[PDB]
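In: quick one, structure for this:
(2 chains, ligands or ions: 2)
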2 protein chains.
Amino acid sequence: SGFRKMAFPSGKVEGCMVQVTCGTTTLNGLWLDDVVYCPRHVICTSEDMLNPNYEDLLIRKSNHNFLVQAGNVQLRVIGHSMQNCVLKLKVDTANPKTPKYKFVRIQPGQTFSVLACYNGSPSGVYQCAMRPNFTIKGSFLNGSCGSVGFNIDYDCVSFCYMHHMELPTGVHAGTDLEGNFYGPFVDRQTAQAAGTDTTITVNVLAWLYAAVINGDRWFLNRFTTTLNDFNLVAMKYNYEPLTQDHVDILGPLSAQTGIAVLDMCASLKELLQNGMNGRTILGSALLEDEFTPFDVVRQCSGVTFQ
Amino acid sequence: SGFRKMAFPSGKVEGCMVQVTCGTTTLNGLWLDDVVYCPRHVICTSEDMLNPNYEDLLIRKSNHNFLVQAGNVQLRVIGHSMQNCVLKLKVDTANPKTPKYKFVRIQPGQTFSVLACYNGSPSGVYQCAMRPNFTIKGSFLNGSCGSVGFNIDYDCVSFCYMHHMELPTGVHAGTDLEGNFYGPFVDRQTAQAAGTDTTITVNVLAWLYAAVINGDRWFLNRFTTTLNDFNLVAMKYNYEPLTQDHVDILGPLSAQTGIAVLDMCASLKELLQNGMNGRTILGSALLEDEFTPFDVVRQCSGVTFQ
Ligand SMILES: O=C(c1cc(=O)[nH]c(=O)[nH]1)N1CCN(c2ccc(Cl)c(Cl)c2)CC1
Ligand SMILES: O=C(c1cc(=O)[nH]c(=O)[nH]1)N1CCN(c2ccc(Cl)c(Cl)c2)CC1
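Out: Residues are numbered from 1 along each chain as shown, chains lettered A, B, ... in the order given. Ligands and ions are numbered 1, 2, ... in the order given. Below, you will see the structure:
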């Protein structure tokens, strides 16, 4: 038993991280096959940041302007191209450690592991969720651009995020691996603001189920409610509305514990209106929303990867 | 910026995990050089558990009774010996992925990363602390015995824990890599109880400093206190007393923020006596004690490993 904010083993990704330098700027890159992916803002200087024209900036660059380092080994950049907000540097050597992978663009509410890097060197790994406002609450210091977020399905590493910048409020914004930003953000150093964030209802529910699985039942009751009655209350507290798709997804957890989704919703309804009264659930004094129903199953059933 | 419960990259450890089978029992093992380490309780059966005589049990075993699997490859056990509570299986092949490592026995209050495994396959990684009562609040399911805890210093993996069992209260107990249990526990399936747990004062302080570094200052005040006056209060709330060694260790963080340790202690004193009043620090409604002063520096300064 037990319940921790578990990240995926980072081994397969560690071998793909490299250092990319362009002029005075150095950040991280992702080496898969013979291509290195990194944020395109690596080609900007102090003056270009406020409002860069990446097309002009890139055309004024030659392959030799890009220094790519894989530990001690230097990679030769034999070509370069831009795909949206990421730069793709063709190198002469194919990464022999390239795992089976794919690129996926995730939806808000989904979670993934982040491998924070600096100078192409992995510093740590942590779990987090894509907030409804398309930002993530990460932990990044100067030099972390290029760090990636991923998930693991059996033997395939699914990359879903590349780190680009930090917003004034301290939250982070980035893109998928095809260079499309998550959210209404652009890679310019202009002051940008994220929309208002909401709580991920379906995740809080999955977490209450984990609590029940781990012996914490104090918040349960005999009542029930309807999807309509619940949503009315949820919206008053900045919670995402709950859909029928959410209800089905929570099925496996409902079966395992024998508590119907709508029953659990009525308990959540009470928690929102009456607070926790100095009580805790799974060691927390707040309702947690960064665990998806799948994360709960995984940790309460023990699924492994190859 | 940002502050997350960061674990170390697990890559170097992933390559050392193997599956160990003895009869009907299968658990995880750690393969370093030509030796595989695993809990010695892998040689017990249903009847031996209540009160096993490991000496007799081991002498009745032959090398061929131990099946060691490294993925698809089977390892030949050419010898075996017992060192306290761990079994050491000499194999014919030396792990080519053996990293630079060492074994260290940690003190309560220190943190480390746990790589949870099942059938020799890494499932996830998470950070945790050795509680003052010699248990850890982990997340382990059946088949997790043999999973290890470690830290990373530059390029050296320091192993400090091997998972052995779960206590009735849901917390976990294990040994160092030399087989000595942490705490007054023994590898028998008899009902055992951990002593009362206390809060790690020095860690809560390091965490308040992280909060200050991240813009959360609401809990600060102008007051100060003396180590003596603080401890008097701390003990009334089940907090470890604070020593002068703790004060010096917190030095780097004090300098960086410009807030004296004893000033921070007076703020903590207030928090214990007046509660947080529905406020949060770094996203938490409770005082967190699983971040050491070193973990805070690392994450608020960005140290990497090779
Ligand atoms: O390394 C960090 C960083 C990342 C982070 O998450 N937190 C933090 O403190 N620093 N930066 C800040 C963003 N910068 C940047 C340069 C040009 C453009 Cl055009 C844009 Cl959009 C951004 C690169 C360096
Ligand atoms: O795999 C788990 C396990 C670990 C955990 O942390 N949580 C959980 O639910 N299961 N076990 C429980 C402990 N068991 C055991 C056998 C013989 C002896 Cl002599 C002792 Cl001491 C222990 C081995 C299998």
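In: burial measure for residue A:221, as a count.
Out: Residue A:221 is flanked by 10 other residues according to other Cβ atoms under 10 Å in any protein chain shown. From N, CA and C alone the C-beta is placed, and that goes for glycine too.
In: let me redo that: residue A:45
Out: For residue A:45, the neighbour count with other Cβ under 10 Å is 12.
In: number of residues surrounding the nearest residue to it once chain neighbours are set aside?
Out: Leaving aside its sequence neighbours, residue A:45 sits nearest to residue A:23 (Cβ to Cβ, 6 or more residues apart in numbering or on different chains; 6.7 Å). Using other Cβ under 10 Å, residue A:23 has 13 other residues around it.
In: cool, and residue A:19?
Out: Per other Cβ under 10 Å, the neighbour tally for residue A:19 reads 24.
In: now it, nearest residue through space, not along the chain?
Out: residue A:120 is the one closest to residue A:19 (Cβ to Cβ, 6+ apart), at 3.2 Å.
In: ok, now residue A:156?
Out: residue A:100 (4.8 Å).
In: try residue A:172
Out: residue A:138 (4.4 Å).
In: distance of the residue minimising distance to the centre of chain A relative to chain B?
Out: In chain A, the C-alpha nearest the mean C-alpha coordinate belongs to residue A:112, at 4.5 Å (Cα atoms, centre = their mean). Computed as Cβ to the nearest Cβ, to the nearest Å, the residue A:112 to chain B distance reads 13 Å.
In: checking my notes, that residue in a strand, right?
Out: Yes: the assignment for residue A:112 (DSSP: H, G, I helix; E, B strand; the rest coil) places it in a strand.
In: leaving out sequence neighbours, find the closest residue to it.
Out: residue A:149 (4.3 Å).
In: residues near the one you found, how many?
Out: By the measure other Cβ under 10 Å, the count of residues near residue A:149 is 27.
In: how about residue A:171: what's its closest non-neighbour residue?
Out: Nearest non-adjacent residue to residue A:171, counting by Cβ to Cβ, 6+ apart: residue A:135, 4.2 Å away.
In: surely that neighbour touches residue A:170?
Out: No: applying Cβ atoms under 8 Å as the test, residue A:135 and residue A:170 come out as separate, 9.7 Å apart.
In: the more surrounded of those two?
Out: Of the pair residue A:135 and residue A:170, residue A:135 is the one with more neighbours under other Cβ under 10 Å, namely 23 against 14.
In: residues from the stretch 1-150 of chain A in reach of ligand 2?
Out: Where the stretch 1-150 of chain A comes near ligand 2, counting by Cβ under 6 Å from any ligand atom, the residues are residue A:1.
In: going along the chain, name the strands of the stretch 1-150 of chain A.
Out: Per DSSP state E, counting those that start in this stretch, the stretch 1-150 of chain A carries strands over the ranges A:17-22, A:25-32, A:35-39, A:66-70, A:73-75, A:77-83, A:86-91, A:100-103, A:111-118, A:121-129, A:148-153.
In: so which of these gets nearest residue B:106?
Out: Of all the strands of the stretch 1-150 of chain A, strand A:121-129 sits nearest to residue B:106, with 18.9 Å by Cβ to Cβ.
In: that closest one vs ligand 1: in contact?
Out: No: counting by Cβ under 6 Å from any ligand atom, no contacts exist between strand A:121-129 and ligand 1, the nearest distance being 12.8 Å.
In: how many other residues sit next to residue A:166?
Out: Count around residue A:166 with other Cβ under 10 Å applied: 20.
In: which ones are touching the closest residue in space to it that isn't next to it in sequence?
Out: Leaving aside its sequence neighbours, residue A:166 sits nearest to residue A:172 (Cβ to Cβ, 6+ apart; 5.4 Å). By Cβ atoms under 8 Å, 6 or more residues apart in numbering or on different chains, the contact set of residue A:172 is A:135-138, A:140, A:163, A:165-166, B:2.
In: near ligand 1, which of those show up?
Out: Okay, of these touching ligand 1 (Cβ under 6 Å from any ligand atom), that's A:140, A:165-166.
In: which SS class is the closest residue to residue A:241 other than its chain neighbours?
Out: In this structure, residue A:241 finds its nearest non-sequential neighbour in residue A:231, 4.7 Å apart by Cβ to Cβ, 6+ apart. With three-state DSSP as the basis, residue A:231 sits in helix.
In: and for residue A:247?
Out: Per three-state DSSP, the local secondary structure of residue A:247 is helix.
In: contacts only, for the closest residue to it other than its chain neighbours.
Out: Nearest-residue entry for residue A:247: residue A:261, 5.0 Å, with adjacent residues in sequence omitted and distances by Cβ to Cβ, 6+ apart. Contacts for residue A:261 (Cβ under 8 Å, 6+ apart) come out as A:205, A:247, A:250-251, A:254.
In: which residues touch stretch A:195-202?
Out: Residues outside stretch A:195-202 that contact it (Cβ under 8 Å, 6+ apart) are A:108-109, A:129, A:131-135, A:183-184, A:234, A:237-242, A:246, A:249-250, A:268, A:287, A:289-290, A:292-293.
In: 7 Å instead, please
Out: Residues from elsewhere that reach stretch A:195-202 (Cβ atoms under 7 Å, 6 or more residues apart in numbering or on different chains): A:109, A:129, A:131-133, A:234, A:238-240, A:242, A:246, A:249, A:289, A:293.
In: pull the contacting residues for residue A:239.
Out: Counting by Cβ under 7 Å, 6+ apart, residue A:239 touches A:198-199, A:201.
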